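Here is the structure we will look at, set down as structure tokens.
Protein chains in written order, with my numbering: chain A, 225 to 646; chain B, 240 to 1338.
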């Protein structure tokens, strides 16, 4: 079934290969039909979702039997369809990007949790990985902006989730399912036919809620968590040095960490979106993708590639070590006045969780809500970009301060320490 | 993020303030600035190089003072830019080597040699001396202004120690080079606040101009006294003004070279200092020398306005220019930026709107002579956009506005403005016409004189035909303006028709007609192309050609025009044949010295290698260029014109093709390659005709039509030239036209040129073109030259009737059918459908149409129905309705659907129109150019029944786009008779948008009266009258308003009394019977007139 869905997608060669920009003389005098486009969008989306489903039911088998699935043909076919999905020069369909990185996650997850790990790794050529990881980098350096998720804008920089493919799909419910009413309106429902019922393309789109943009940000932030999660996995696959655990996980991940801190501090604090926390989880996650790269894999972190990011690595670590001062929180009384400013949405979330959806949140015994006025406070600290968690302060400390490599000299280091105190 | 809120001046100043604290020797500031610069770069979607490259000529400029100490700072700058230290240095060598030299003698030039070449083993002496020779012009400039080195021994000595291998003292006599003057005047920094230093350096470059141009060979050494300003006597000021005008067009050539940088060599800092040099030459120069080269700075400031970051400095340069110049000379260039003001007004921030207000108030107070009565379009354009708000500013200007609108006839100055080239003025003219005609409809008195509206209609048709493959939007609004004009009466409205004229016949062998052709080609096309150019390279090439042609005409080198010579009566009477709008722009460049050969990269290509697959405009330019450089040899006066056709849009190549090809014709006794390359082009014509024509979509076949037309033109020009050559040979050289057997040998080669790739194939490759009169000409020529008594009249006729049945002529078609074509009886049947018994042929075709043997005998029935307005019978045909729906993808069925859509548009019935486009939208890829128009009109009508105004506006605008690109063709070639079939569809597209845009009956009644006013310019032919009234009928019975029904009864009564006056009471009755369900009290007389025209008298 996996081989059939892979060459089924290479039959549907042209859905994932529409060009970036059309002709200036591309006259939009046309029947403006959507029904055939809706058919093969459903074909491609359900096909990639079936690839994800085949690999998780193969993931659920007992761990001695994975060699009955994999051969050369599986990996060459998925290499083709993975180059097809995470596109470069064509318009990206985001529906297939989710499943096409979730498949890579299932692969790197079972490589870890099997016994005959070599005969997968011997079956995988390094060219497969160094074609995969560059596309994962190029996915990771894209932007997530709610005001132009659903807008059509400049390519390969904003994960945009186009208007003309906005439905759920098989595994996960990814949009608002605006094109689900048109699935039932694709047939005549009192007739036995072959050609589709005609759907006009320009009727859709009617403007009432940007909340749809917020939950699509939530899915795209989970997508970036997924990408650097499989970075975290294939660090652990190739613990020894290879072609692919090769120092650009300092460059791209440190670019990502530095910018998702910088425009967090410049733009997101006090914007009362629900997607702050996960967005300040990504930085909180990707430091660890720095950290064990720094601690356990320094032998490939080459001397030139560290100087490619000497700005951004040191600045990103410094925005964690700035939080050891902590004259901001220091009490209880004004921190809840901060979470009335930045984190009212999670107050609504925890009240609806407490009164409806959690067994332990009733008849609160004066130790379970002292835990709440501990953890909401450390949460709103982690949102306010001052006072992160202490463990991440240590992990950022033992890269900057520790003497594995001269990031700073001692007369350059105390020039950073004086900008906190110290 | 303080910088992110700024614009060009403040933005570059703040980027400099970013980088001088980037290198503020604290580690924390350096790492934080690297991070913020890189994030600021990536949130602008720019690499940090192209973020900081507009200030790298300023940033590391002072690093040339201190490069040996601040190696770590330049190291930080190169690791921030992400390039190598050499690659940013040879591209910015222009800016620091003029300061690396002139500083103290223990130079950084050894270190810049150490970077600019790798290692000591790469020899630094020759690379040092040729980088010194590379940008020596800027070094000379910096030596003259920034330090005042006005002594040649100072320059020579300070060169020869910095480079002991430097050539011949300095690179000799290169100081009065145009490039040195350009680099002098680029350093004119200026501001709104005139400083003592800003006057100091201005006086310094003015005195360096006085050093370089007026007495150079006298004062190569005695130059230390020229640094003083006020020791300049007035007796040598006119020598300065004389040497300046002979040394100013080439420095604008250097300016034109380094604005329009075709290789991406520099940023816009060069463009800024070019505009500063333009501003200096506006201020500190004589008045004549800017009136001289005005059309240089015109398309310099045009590219300055066009690029985004240099807009404000270019507006300030115009603001300088607009006040230092009178009114009768500013008319040449004012439209090209009034249009840019109006069409790009929206993105102007506060500062640009302030400087453009400062343009306009200066223009309306001090210089109202240009705006009010020298060209009145410029005030109505500014009043026509109330977003800008002219009238609230002055008020006294409105006293001139509210009378200058009335007293100025405005159509013929829309005429010559629509033949422009830049897109801004032909968006402004279209946005002004679509307001002007909207005012003239409700004014109800737009003129129709038996200053004609057909001038602007032909201008619009030429405009839409020019841009059939460029910018669909202005073809949309162009076709919308055509629809606002509507259909003209074919009798009392006619185009220009300038062929009974001088007729473009010019013998290029005698001088006395060669000079007349050159003055005509300068007057009509070269002088307009000299102004309306897009890049300045084309404007310089036009300047070169229009100089060298005058040098051929004996007017350039000898100087006579000042009226102190006066001994040239022949030359003055020759000069008089120009007109003043060409004289005032051709007068400066008599004494110009343009020299733009660009030789020895030409590769004369063998001919039958076709260039069709690239396009038409590539093909005709390459073919014309392969002609005129292989048959001319530098003294035949068409030689310089090759510089025009490496940047042509295809127009000028198409103009010159008959002349150079006819000159290649008249070379004899084969011998030379001149006839051999003739054998190159004949087979090239064989490459044109004997081609594929399938396997390509509707773009490459249109290019093939253009390739047809471009070489039909040379055939009719060879014929016209040979006939006039016989005529003026027998006219003046004696009377009896036979002599010498060599001019006859000239005349034989057109005869084997007009009989190569011969007829039956000119006609075949011309009736598909749609120039049907030309195809009729070739069909008759291949009738007579054929011995017609034999049986070749079977294959000749089945397309001969095609070349009459849409040409508008009938009485020869009916004469062709009843002579030598009397075999088949079906041929005798088809004569009925043009001779008043057409319905006798209709029901014969209907039962021939139920044989199901051929597809074309069905579309013959459908076209014979459509030509006789049987629309309800077309939509009820069983050839479409199998049971309810229709058949699949369409080889010839689309020609059926093109009818079946169109009649469904003309019979307003929402169900048979709605299931019809339900069947259309089941298709896959509608390739057909004709189907999609009537499809979009159909979906516009379905939306107009659903009471949805913006949706039907969207679909009618789609219909305007499709007509303005595809269906519309060139004017001034075709008639109005063949254009009328499209004008009726445009007049039926405008009134749907005009009736849909109405929210109440109060304006709907006014809309109906405006349309009934539009039913008076229509004329009195039955086909467009019935078509437009049928479309109002189809509107009024999809919109179920009661006022729409009261309109609908009126439209049925007007259809009835229309049709009974046109002897077509077959549909007058079945339109009048709709007025009885409405029960009008006027149908009792209308049925009496229908009974009277029927024949029965007593009833």
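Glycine included, each C-beta is placed from N, C-alpha and C at the ideal position.
Among B:1189, B:1128, B:1182 and B:341, nearest to residue 1159 of chain B - alpha-carbon criterion: B:1128
Rounded to whole angstroms, what is the Cα-Cα separation between residue 560 of chain A and residue 572 of chain A? Going from the Cα of residue 560 of chain A to the Cα of residue 572 of chain A covers about 14 Å.
Please tell me whether residue 381 of chain A has its Cβ less than 8 Å away from any Cβ of chain D. Absent from the structure is chain D; the protein chains it does hold are A and B.
Residues bridged to residue 382 of chain A (per DSSP): A:367
At which residues does the alpha helix (DSSP H) containing residue 1303 of chain B begin and terminate? Looking at the DSSP string, residue 1303 of chain B is not in any alpha helix (DSSP H), and its letter there is neither H nor E.
Is the distance from the Cβ of residue 591 of chain B to the Cβ of residue 1256 of chain B below 8 Å? In this structure, residue 591 of chain B keeps its C-beta atom at 8 Å or more from the C-beta atom of residue 1256 of chain B.
Take residue 809 of chain B as the anchor and find which of B:793, B:823 and B:820 has the nearest alpha-carbon. B:793
Per the contact definition of three or more C-beta pairs closer than 8 Å, is the region 957–970 of chain B in contact with the region 985–996 of chain B? yes
Sequence ranges, alpha helix (DSSP H) only - wholly within the region 609–643 of chain A, length at least 4: 614–624 and 634–641
How about residue 243 of chain B: is its C-beta nearer than 8 Å to some C-beta of chain A? Output row for residue 243 of chain B: interface = no.
Residues in the region 700–722 of chain B with C-beta within 8 Å of chain A's C-beta atoms, listed in sequence order? Flagged, chain order: 708, 709, 710 and 711.
If you draw a straight line from the C-alpha of residue 1009 of chain B to the C-alpha of residue 896 of chain B, how long is it? 22 Å
If the criterion is Cβ atoms closer than 8 Å, does the pair residue 250 of chain A and residue 710 of chain B meet it? Going by beta carbons, residue 250 of chain A and residue 710 of chain B fall outside the 8 Å limit.
Below-8 Å beta-carbon distance, residue 944 of chain B vs any chain A residue: Output row for residue 944 of chain B: interface = no.
Check whether residue 1170 of chain B and residue 1133 of chain B have beta carbons under 8 Å apart: yes
Given that residue 486 of chain A touches chain B, what residues does it touch there, using C-beta distances under 9 Å? Using a Cβ-Cβ cut-off of 9 Å, residue 486 of chain A is close to 274, 275 and 278 of chain B, given in chain order.
State the Cα-Cα distance for the pair residue 1057 of chain B and residue 1006 of chain B, rounded to the nearest angstrom. 22 Å
With three or more beta-carbon pairs closer than 8 Å as the criterion, would you say the region 338–346 of chain B touches the region 310–328 of chain B? no
When you check each C-beta in the region 1179–1210 of chain B against every C-beta of chain A, which residues fall closer than 9 Å? 1190, 1193, 1197, 1198, 1200, 1201, 1204 and 1205
Indicate the three-state DSSP secondary structure (helix, strand or coil) for residue 340 of chain B in the structure shown. coil
Between the alpha carbons of residue 544 of chain B and residue 271 of chain A, how many angstroms are there, rounded? Rounded to the nearest angstrom, the two C-alpha atoms are 52 Å apart.
Contact set for residue 392 of chain A: own chain, Cβ-Cβ below 6 Å, skip 5 residues either direction: Taking residue 392 of chain A as the centre and dropping the five residues before and after it, the same chain places the C-beta of 401 closer than 6 Å to its C-beta, in chain order.
Count Cβ pairs between the region 531–538 of chain A and the region 471–479 of chain A that sit closer than 8 Å; are there 3 or more? yes
Strand pairing of residue 257 of chain A, partner residues [DSSP]: A:424
Using a C-beta cutoff of 8 Å, does residue 257 of chain A count as contacting chain B? yes
Is it true that the CB of residue 579 of chain B sits closer than 8 Å to the CB of residue 535 of chain B? No, the pair does not count as a contact, with Cβ atoms beyond the cut-off.
Beta-carbon neighbours of residue 375 of chain A, restricted to chain B and to distances below 7 Å: By Cβ distance, chain B contributes nothing, its closest Cβ being about 15 Å from residue 375 of chain A, past 7 Å.
Is there a C-beta anywhere in chain B that falls below 8 Å from the one on residue 385 of chain A? no
Check the Cβ-Cβ distances between residue 661 of chain B and every residue of chain A, and say whether any is below 8 Å. no
N- and C-terminal bounds of the alpha helix (DSSP H) containing residue 697 of chain B: 692–705
Applying the 10 Å Cβ sphere with the 16-neighbour rule, what's the burial state of residue 1090 of chain B? exposed
Within this structure, are the beta carbons of residue 818 of chain B and residue 762 of chain B separated by less than 8 Å? Yes, the pair counts as a contact, with Cβ atoms nearer than the cut-off.
For residue 458 of chain A and residue 332 of chain A, believed in contact at Cβ under 8 Å, the rounded distance: 5 Å
Residue 675 of chain B in three-state terms, based on DSSP: Taken through DSSP and simplified to helix, strand or coil, residue 675 of chain B comes out as helix.
Mind checking residue 418 of chain A: buried by the 16 CB within 10 Å criterion, or exposed? exposed
Does the Cβ of residue 894 of chain B have 16 or more other Cβ atoms within 10 Å, making it buried, or fewer, making it exposed? buried
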